[PDB]
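Heads up, the chain below is alone and in the form deposited in one PDB entry; it's given as structure tokens.
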């Protein structure tokens, strides 16, 4: 025999782990890559083939006549389901911001108002229902348009909170909508699909998930600001969880160090709630890296259900 055979040859075991995982992430199998691309195109099929122009006309057609409700400023049309997740919990799942003027009555007051005035106006044309956050307008063709009720104050517009429900959130809907739209456009329209895929994966977790839809969208903006990887969901989705596992431990901010008021429910920095979220996001990041390294398509399928 001979002298040698230690696990790390006197190296840092974590440096060896990085060298191995870096070598894995640099080689790819064309067969497994085609299977993964076919998986994501099916999960995003209802989203990329949604009649967005018909959504826009129906929005103008349902708000022309009711002076109280008014369409928002920035065009979203981020409604639409991916991976069979039928939840609306953030700006990435709504089609427009329906702004009412007259606050003190509460978000659920403005929601039911938009609901009632649209259900009477669209009676015999589409069904209207109020949800946990947004009003949904289902039509005969099966199209569901999501409308997020909002109010206008002397301080600006206010969107409902994703968890408190009986209060308005502290987010500036103008800033948020700008970032989500600007990044998505700068992300070849792949940021919003990646966010919905991430929320779909988190939904499959048997564990108790505590992150709101606004905060997940905020985490994605922080993740893909300096993202130089491939513009595919197969590469963008793992980047979100590997970035959010660290970013969720600190209060959310913009580039200059100013609070965006999306992470207040998670307590102070390095709190128990943030640590629990970091481990859940980290286990999903490990499962994604191990499924890709093993070329296991069934493991990627189970992540979405």
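Whichever C-alpha set is largest while still superposing within 1.5 Å between the two forms counts as the rigid core. Residue numbers count along the first chain shown, from 1.
Absent from the display: the form deposited in another entry. The rest refers to it.
Colleague: Using the rigid core as the reference frame, would you say residue 210 shifts its C-alpha by 2 Å or more between this form and the one not shown?
Modeller: Yes; residue 210 is a residue whose C-alpha shifts (by 2 Å or more) between this form and the one not shown when the cores are overlaid.
Colleague: Taking the rigid core as the reference frame, tell me whether residue 28 has a CA displacement of 2 angstroms or more between this form and the one not shown.
Modeller: Shift at residue 28: 2 Å or more after core fit.
Colleague: At a 2 Å cut-off on C-alpha positions, does residue 283 qualify as shifted between this form and the one not shown after fitting the rigid core?
Modeller: For residue 283, whose C-alpha is compared between this form and the one not shown after core superposition, the shift is less than 2 Å.
Colleague: Have a look at residue 211 and residue 206: in that other deposited form, are their Cα atoms closer together or farther apart than in this form, given the change is 3 Å or more?
Modeller: Closer: residue 211 and residue 206 approach by 3 Å or more in that other deposited form.
Colleague: Knowing the shift is 3 Å or more, I'd like to know if the C-alpha atoms of residue 247 and residue 27 are closer or farther apart in that other deposited form than in the shown chain.
Modeller: It is farther: the C-alpha separation of residue 247 and residue 27 rises by at least 3 Å in that other deposited form.
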